[PDB]
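Next up is one chain by itself, shown in structure tokens, the form deposited in one PDB entry.
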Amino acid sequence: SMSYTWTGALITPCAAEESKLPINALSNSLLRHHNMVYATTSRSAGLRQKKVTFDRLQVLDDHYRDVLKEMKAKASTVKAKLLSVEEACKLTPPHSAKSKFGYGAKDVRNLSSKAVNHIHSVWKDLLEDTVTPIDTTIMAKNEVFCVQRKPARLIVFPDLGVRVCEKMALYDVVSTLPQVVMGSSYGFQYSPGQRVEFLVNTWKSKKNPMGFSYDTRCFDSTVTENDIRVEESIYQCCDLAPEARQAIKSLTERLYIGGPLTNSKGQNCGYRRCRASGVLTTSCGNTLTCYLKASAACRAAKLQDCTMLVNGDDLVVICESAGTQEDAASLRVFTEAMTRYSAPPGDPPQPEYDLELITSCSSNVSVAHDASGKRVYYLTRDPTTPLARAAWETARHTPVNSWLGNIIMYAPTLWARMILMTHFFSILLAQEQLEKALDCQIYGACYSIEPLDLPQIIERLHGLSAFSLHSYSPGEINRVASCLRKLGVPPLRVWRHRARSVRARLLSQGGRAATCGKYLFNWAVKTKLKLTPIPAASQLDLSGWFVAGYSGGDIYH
């Protein structure tokens, strides 16, 4: 069937949408070439609608069913609990979209009777009705990029009340099932250090290692009614309260399989018959469906000793090489299989023989040396987008601070240390907002983070070596430098000079601030200070951090 049907009605915004990078006093110190940076708006949605709207054909063979059977066998070992209204409300982001029924995110959060009562009736209606499609809102995301222009991505989501109900029935399942089903292949269990560790070990466990990433063209669109039914049958294998079983089935038929699409003004835009991007099961459903399809496609393509790493729709395979010709013909069969299962590629997959040339989760492996000169691997990426978005966040307050997300996830990198840390700590010092808790996203989940805990966070996710890393690869250095020339970002010798200031200013303040200066900026000085384990680092509660993915799942820890 068709992924989408359109009435002709326009996808509308809520407020005004800026496409031009906003400029303030701090902007120029980070980025000169302001015309290179832009944010997508709802005005480019018409182009996105064309792209993601196609007919899907699915041809399921024996490999497909075998893998599914294996997945169900493990899923049936899981016991998941029904969450209470209260517990589910505590999981709602403070900046989450208001309900059409008179209450908002903060009303839900502090458990007002108006919020709690409507959630109960939405739940009750879920138990009684397993057929009536549920209203969803379609919006256009505002994402910032650098020109190379991309049309906006679409977000489809049900009303707040339903989102809380999703959490009640499905929060435990989506948090626990994927690891049990997919084992070490499930990538959202991994912190950066563990992921690097796992990619490298996997690369080393192969006599002649070959690797490739598989980019599906618009994954959400390729997902069929079948895939959503299949993913529900997986959920139903769990030991579940009879109320959870009813709700899950109901949400599958009424929400996850499809439904009408309503713009922010209240007009009907059309109908969806594919994956909604703003439901709780978006991440887990895509991960299960991607894993199922790929594993089966490995059997069809007869890939020798393949280890898979899956994060939602992001997929990387590492296996034994049969030589460049056989690898090329293997990947075609893989691609044909995936295409038959309704997961065609965007770019054709290419086999890589160097681990560092492989991109997965927008990240590639690279190597540096620590204080002992001892080789250490870390994940990095092209810094073009993270810097473009930092530039935007230098001039505009945002609900999600991507700069912090990038520092947390890319702390060991050259560009996050010298540019991102230096720039933003400079900003926080001038405002005296070091103690101020900030919101960011890790694996789709929203986190309130105090910047002064960054040293303790980095020690736990990357290890101490992250504060010492030096002698970066020529290839990494070339990419970082090429980005700054393109963007008009000051050279890295200017950033070092600025870092000396930021460090001293932090040290002069003592307490947790001096701790930040000591660890985060030890690189900037020739006369190096010794970096021992942090006194109160093991105090921070880092549970929930790397259990599951929750992209568009409206989650807050």
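Just count from 1 along the sequence shown to find any residue number.
In terms of residues present in the deposited sequence but not modelled, what lies between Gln148 and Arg149: none, 1 to 3, 4 to 9, or 10 or more? Unresolved stretch here: 4 to 9 residues.
Going by the mean C-alpha B-factor recorded in the entry, which is higher: 275-283 or 119-127? Per the PDB entry, the higher value belongs to 119-127.
On average, are the C-alpha B-factors higher in 542-550 or in 529-537? Here the higher of the two C-alpha B-factor means belongs to 529-537.
Check the PDB entry and point out which of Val174, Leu251, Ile408, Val85 has the largest C-alpha temperature factor. Max CA B-factor in the entry, restricted to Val174, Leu251, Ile408, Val85: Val85.
Select one of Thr132, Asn226, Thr307, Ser221: the residue whose C-alpha shows the highest B-factor in the crystal structure entry. That would be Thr307, according to the entry.
For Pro242, return the chain-relative third of its C-alpha B-factor as stated in the PDB record: lowest, middle or highest. Within its chain, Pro242 is a middle-third residue by C-alpha B-factor, going by the deposited values.
Would you mind checking where the Cα B-factor of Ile427 ranks among the modelled residues of its chain, as the lowest, middle or highest third? Lowest third.
Quick one: classify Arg512 as lowest, middle or highest third of the chain based on its Cα B-factor. According to the entry, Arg512 has a C-alpha B-factor in the chain's highest third.
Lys207 - which third its CA temperature factor falls in, relative to the rest of the chain: For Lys207, the deposited C-alpha B-factor lands in the highest third.
Which third, lowest, middle or highest, does the CA B-factor of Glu197 fall in along this chain? For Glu197, whose C-alpha B-factor we compare with every modelled residue in the chain, the answer is the middle third.
Absent from the display: the form deposited in another entry. The rest refers to it.
Once every C-alpha goes to the better-fitting superposition between the shown form and the other one, are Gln325 and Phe425 in the same rigid part? In the two-part motion between the shown form and the other one, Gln325 and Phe425 are assigned to different rigid parts.
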